[PDB]
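For reference, the structure discussed in these notes is given below.
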Amino acid sequence: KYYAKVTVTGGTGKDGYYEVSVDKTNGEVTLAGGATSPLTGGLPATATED
């Protein structure tokens, strides 16, 4: 689900597209796997149209 770009100042290894699930009625994000650990894949883009 949604891929969030992360830019960390002063920290290494926390950069990456985090998987986020958003329900706007609550206004928060459900954690993927119950953690905020970075995912793999680097910075892949699927759809060219923006």
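Ordering of the structure tokens sets the chain letters (A, B, ...), residue numbers begin anew at 1 in every chain, and ligands are numbered from 1 in the order given.
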
Item to check | For segment 20-29 of chain A: contacts at 10 Å, only C-alpha atoms, fewer than 6 positions along chain excluded, given as a PyMOL selection string | outcome: chain A and resi 1-4+36

Store the residues of this selection in a file with C-alpha atoms, as a PDB file, in the first residue's frame.
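Result file is result09.pdb:
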```
ATOM      1  CA  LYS A   1       0.000   0.000   0.000  1.00  0.00           C
ATOM      2  CA  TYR A   2       1.005   3.658  -0.043  1.00  0.00           C
ATOM      3  CA  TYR A   3       4.753   4.298  -0.326  1.00  0.00           C
ATOM      4  CA  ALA A   4       6.069   7.171   1.792  1.00  0.00           C
ATOM      5  CA  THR A  36       8.144   1.388  11.502  1.00  0.00           C
TER       6      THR A  36
END
```

Within 9 Å of residue 16 of chain A, counting only C-alpha atoms, which residues show up once you throw out same-chain ones fewer than 3 positions away? Write them as a PDB file with N, CA, C and O atoms, in the first residue's frame, please.
```pdb
ATOM      1  N   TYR A   3       3.311   4.232  -0.528  1.00  0.00           N
ATOM      2  CA  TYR A   3       4.753   4.298  -0.326  1.00  0.00           C
ATOM      3  C   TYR A   3       5.147   5.717   0.062  1.00  0.00           C
ATOM      4  O   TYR A   3       4.920   6.662  -0.700  1.00  0.00           O
ATOM      5  N   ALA A   4       5.737   5.864   1.242  1.00  0.00           N
ATOM      6  CA  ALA A   4       6.069   7.171   1.792  1.00  0.00           C
ATOM      7  C   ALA A   4       7.572   7.381   1.703  1.00  0.00           C
ATOM      8  O   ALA A   4       8.346   6.591   2.254  1.00  0.00           O
ATOM      9  N   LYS A   5       7.979   8.438   1.006  1.00  0.00           N
ATOM     10  CA  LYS A   5       9.384   8.803   0.934  1.00  0.00           C
ATOM     11  C   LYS A   5       9.826   9.414   2.258  1.00  0.00           C
ATOM     12  O   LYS A   5       9.139  10.269   2.822  1.00  0.00           O
ATOM     13  N   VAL A   6      10.977   8.970   2.751  1.00  0.00           N
ATOM     14  CA  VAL A   6      11.495   9.401   4.042  1.00  0.00           C
ATOM     15  C   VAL A   6      12.869  10.020   3.832  1.00  0.00           C
ATOM     16  O   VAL A   6      13.736   9.414   3.191  1.00  0.00           O
ATOM     17  N   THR A   7      13.064  11.221   4.371  1.00  0.00           N
ATOM     18  CA  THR A   7      14.346  11.916   4.326  1.00  0.00           C
ATOM     19  C   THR A   7      14.752  12.224   5.760  1.00  0.00           C
ATOM     20  O   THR A   7      14.110  13.041   6.428  1.00  0.00           O
ATOM     21  N   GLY A  13      20.035   4.719   7.305  1.00  0.00           N
ATOM     22  CA  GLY A  13      19.294   3.477   7.281  1.00  0.00           C
ATOM     23  C   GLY A  13      17.801   3.608   7.484  1.00  0.00           C
ATOM     24  O   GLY A  13      17.087   2.606   7.358  1.00  0.00           O
ATOM     25  N   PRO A  38      12.200   0.230   8.040  1.00  0.00           N
ATOM     26  CA  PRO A  38      12.235   0.555   6.610  1.00  0.00           C
ATOM     27  C   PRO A  38      12.063  -0.679   5.739  1.00  0.00           C
ATOM     28  O   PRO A  38      12.429  -1.795   6.116  1.00  0.00           O
ATOM     29  N   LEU A  39      11.497  -0.461   4.556  1.00  0.00           N
ATOM     30  CA  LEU A  39      11.304  -1.532   3.594  1.00  0.00           C
ATOM     31  C   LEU A  39      12.412  -1.516   2.543  1.00  0.00           C
ATOM     32  O   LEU A  39      13.294  -0.652   2.536  1.00  0.00           O
ATOM     33  N   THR A  40      12.357  -2.493   1.643  1.00  0.00           N
ATOM     34  CA  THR A  40      13.347  -2.622   0.589  1.00  0.00           C
ATOM     35  C   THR A  40      12.828  -2.021  -0.717  1.00  0.00           C
ATOM     36  O   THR A  40      11.775  -1.380  -0.768  1.00  0.00           O
ATOM     37  N   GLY A  41      13.592  -2.237  -1.785  1.00  0.00           N
ATOM     38  CA  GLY A  41      13.208  -1.753  -3.095  1.00  0.00           C
ATOM     39  C   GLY A  41      13.728  -0.383  -3.458  1.00  0.00           C
ATOM     40  O   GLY A  41      13.566   0.043  -4.605  1.00  0.00           O
ATOM     41  N   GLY A  42      14.357   0.320  -2.519  1.00  0.00           N
ATOM     42  CA  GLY A  42      14.870   1.650  -2.787  1.00  0.00           C
ATOM     43  C   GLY A  42      13.780   2.663  -3.069  1.00  0.00           C
ATOM     44  O   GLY A  42      12.943   2.939  -2.204  1.00  0.00           O
ATOM     45  N   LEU A  43      13.778   3.224  -4.279  1.00  0.00           N
ATOM     46  CA  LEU A  43      12.791   4.217  -4.701  1.00  0.00           C
ATOM     47  C   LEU A  43      12.181   3.800  -6.037  1.00  0.00           C
ATOM     48  O   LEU A  43      12.488   4.388  -7.082  1.00  0.00           O
TER      49      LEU A  43
END
```

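Those residues that approach residue 37 of chain A to within 10 Å, counting only C-alpha atoms, are residues 13, 14, 15, 16, 18, 19 and 31 of chain A; same-chain residues fewer than 6 positions away are not listed.
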
Next on the checklist: Let's see if you can do this: from backbone DSSP, list all strand (DSSP E or B) residues in chain A, as a ChimeraX atom specification.
Outcome noted: /A:2-4,18-23,28-31
